[PDB]
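[1] these chains are from a complex, not moved at all, and more is on the way:
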Amino acid sequence: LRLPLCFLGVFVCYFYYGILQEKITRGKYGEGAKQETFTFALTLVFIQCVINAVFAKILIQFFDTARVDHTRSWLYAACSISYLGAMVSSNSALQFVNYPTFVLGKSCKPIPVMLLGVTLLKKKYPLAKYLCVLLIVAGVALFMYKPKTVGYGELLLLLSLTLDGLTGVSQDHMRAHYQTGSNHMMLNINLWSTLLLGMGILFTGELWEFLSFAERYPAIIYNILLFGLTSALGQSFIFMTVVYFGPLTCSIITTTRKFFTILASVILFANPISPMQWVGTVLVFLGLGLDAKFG
């Protein structure tokens, strides 16, 4: 038994997922006056949720079908609301901000999770937090803010961070009190989010517009489909890595994956970055790694 693939599969899958997301959301469809921007975040998130739910169903039906799910449906619905809210808010924010900024902001999960835990759950962090978390804040203030009001994009990113913190709190509570497996939770929350997003797109009137837009630029279809696939397989790998190595291994793996994704976005796509902004990303990632190691 060899486990390099715990690194290789997750890294490749999520790296390609990030590249496809950048190519889709920030792509320059059309030209000149005919140029159009991808404003259909709901449809993208709905497709991703559908693909993830299908893969989760396959995984549970083929892997470890003996387990019985003790969780309550309403808990799954409540978690899925925040989960899909976070995903939609982040994807919509990506329309305004660059991709490096989007990923860096979405990486700062520890700050909202600590705030939620201390303010609501009352858990105290002697050394796990309050140290290497101020490092993350310093890095963000170095990158997002510079010496030389905030727009819609960072507001939406902050909202996504808050929703992600709420989702994490709910998931932790349900895991503790109902012993829910990763595959079952992933399937259920993805199904609930798929239903909610289907209702939202159908009633909002965005499905017709998205279909017309795709008809205008058919290639995007392929892209988004691949994107969805890369969001599933990699996720599955992470699940395995959760049960094979442990949580710390998964955390460090995703941290290095995010760093390499930022590097790829900066270099391949010619996203403009400058000195004293690289320092912010370095500080953020160092703080995230130290927090993962301790606590």
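    Cool, got the structure. Numbers count the residues shown, from 1 in each chain, chains lettered A, B, ... in the order given.

[2] Pull out the buried positions in stretch A:73-89.
    Buried residues in stretch A:73-89, counted by 16 or more other Cβ atoms under 10 Å: A:75-89. The way it works is simple: take the backbone N, C-alpha and C, and place the C-beta from them, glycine included.

[3] sorry, that was for stretch A:266-277
    Buried residues in stretch A:266-277, defined by neighbour count with 16+ other Cβ under 10 Å: A:266, A:271, A:273, A:277.

[4] what sits against the last one?
    Same thing as residue A:277. Taking Cβ atoms under 8 Å, 6 or more residues apart in numbering as the contact definition, residue A:277 lies against A:142-143, A:146.

[5] The first one now?
    Counting by Cβ under 8 Å, 6+ apart, residue A:266 touches A:100, A:273.

[6] Kindly report the same for the third one.
    The contact partners of residue A:273, taken as Cβ under 8 Å, 6+ apart, are A:100, A:266.

[7] coming back round to it: mind putting the buried residues of stretch A:266-277 into CSV with distance to residue A:294?
    Output for these, formatted as CSV (distance: Cβ to Cβ, whole Å):
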residue, distance to residue A:294
A:266, 29
A:271, 32
A:273, 29
A:277, 27
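
[8] how about those residues, which pair is most distant?
    Spatial extent of the buried residues of stretch A:266-277 (Cβ to Cβ) is set by the pair A:271 and A:277 at 10.9 Å.

[9] Mind listing the shared neighbours of those two?
    With Cβ under 8 Å, 6+ apart, residue A:271 and residue A:277 have no common neighbours.

[10] Narrow the buried residues of stretch A:266-277 to those in helices?
    Those of the buried residues of stretch A:266-277 mapping onto helices are residue A:266, per DSSP state H.

[11] And the helices in the stretch 151-295 of chain A, which stretches?
    Applying DSSP state H, counting those that start in this stretch to the stretch 151-295 of chain A gives helices spanning A:152-178, A:182-204, A:206-216, A:219-244, A:247-268, A:278-293.

[12] Chain B should join the structure above:
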Amino acid sequence: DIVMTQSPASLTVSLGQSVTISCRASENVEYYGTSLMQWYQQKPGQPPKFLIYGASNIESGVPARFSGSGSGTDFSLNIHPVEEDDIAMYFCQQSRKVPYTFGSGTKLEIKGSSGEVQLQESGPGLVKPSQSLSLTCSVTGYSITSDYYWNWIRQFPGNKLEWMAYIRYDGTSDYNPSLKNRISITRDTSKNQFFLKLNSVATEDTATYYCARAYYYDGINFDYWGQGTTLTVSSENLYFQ
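    With chain B added, the chains above now look like this:
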């Protein structure tokens, strides 16, 4: 399956003393920081009474005297102001793995000596070996199609409990892997009953069978119990005895 061992077989204690009963599991019973342990109390000739879940959380209605502590593979139940009421056999149960297992039981004895759910079990008393048996548990005051687990458990002579199986209101059922090939659990919603059928009963099946209602929270907790029905497997017809 996890084997639960209760350290004190029987504790001779006086009134007012602080009594601690220790239970140990063969494997860690923690899951994301939650200890899946339950403590029940059984008075003589009565079904077990649910006391504690999660190893530290006192069930509503239980006196504040009882408390729980411990983690990993070692747990303890403490009663500081012991009274006459808390005189019984205490059982520790693990809900980490599907074949839920109870402790051997610790007996405590003193020196010098429509608004609720009703479960009723019925079935034959004396049965020849190799015959097929069918116990029926009928529920009144509640519907088996609402959010609760309905379990069949049996207690052997010597007070050794053993969870046989259960059926959820969704229709999903779980079985003890040891007995999975011998028992079958079914339900009839029209009459609001559920049945347990045993094939090829043997002399080792003699026991008191309870049907219980349980809810899952930090482990399965058999909060409501039936009155228990005795079953004796023998090759002789019991007459004049």
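
[13] and the contacts of residue A:266, now that chain B is in?
    Taking Cβ atoms under 8 Å, 6 or more residues apart in numbering or on different chains as the criterion, residue A:266 is in contact with A:100, A:273.

[14] So it versus chain B, what's the distance?
    Using Cβ to the nearest Cβ, to the nearest Å, one gets 37 Å for the distance from residue A:266 to chain B.

[15] before we move on, what about residue A:226?
    In this view, residue A:226 and chain B are 34 Å apart by Cβ to the nearest Cβ.

[16] what about residue A:219, neighbour count?
    10 (other Cβ atoms under 10 Å in any protein chain shown).

[17] In contact with it, which residues?
    Listed by Cβ under 8 Å, 6+ apart, residue A:219 has no contact partners.

[18] Over to residue B:205?
    By Cβ under 8 Å, 6+ apart, the contact set of residue B:205 is B:133, B:198, B:231, B:233.

[19] correct me, but the third one touches residue B:131?
    Think residue B:231. No: counting by Cβ atoms under 8 Å, no contact exists between residue B:231 and residue B:131, whose distance comes to 11.3 Å.

[20] Next, count neighbours for the residue of chain B found nearest chain A.
    Chain A sits closest to residue B:216 of chain B, with a gap of 4.2 Å, by Cβ to the nearest Cβ. Neighbourhood size, residue B:216 [other Cβ under 10 Å]: 21.

[21] Torsion angles phi and psi at it?
    Per-residue torsions, residue B:216: phi -90, psi 120 (degrees, to the nearest 10).

[22] what about the spatially closest residue to it that is not a sequence neighbour, which SS state?
    Excluding its sequence neighbours, the residue lying closest to residue B:216 (Cβ to Cβ, 6 or more residues apart in numbering or on different chains) is residue A:70, at 4.2 Å. Put simply, residue A:70 is coil when judged by DSSP: H, G, I helix; E, B strand; the rest coil.

[23] sorry, back to before: is it possible to get JSON lines of the contacts of residue B:205 that adds neighbour count?
    Converted to JSON lines, the contacts of residue B:205 look like this (neighbours: other Cβ atoms under 10 Å in any protein chain shown):
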{"residue": "B:133", "neighbour count": "18"}
{"residue": "B:198", "neighbour count": "24"}
{"residue": "B:231", "neighbour count": "20"}
{"residue": "B:233", "neighbour count": "19"}
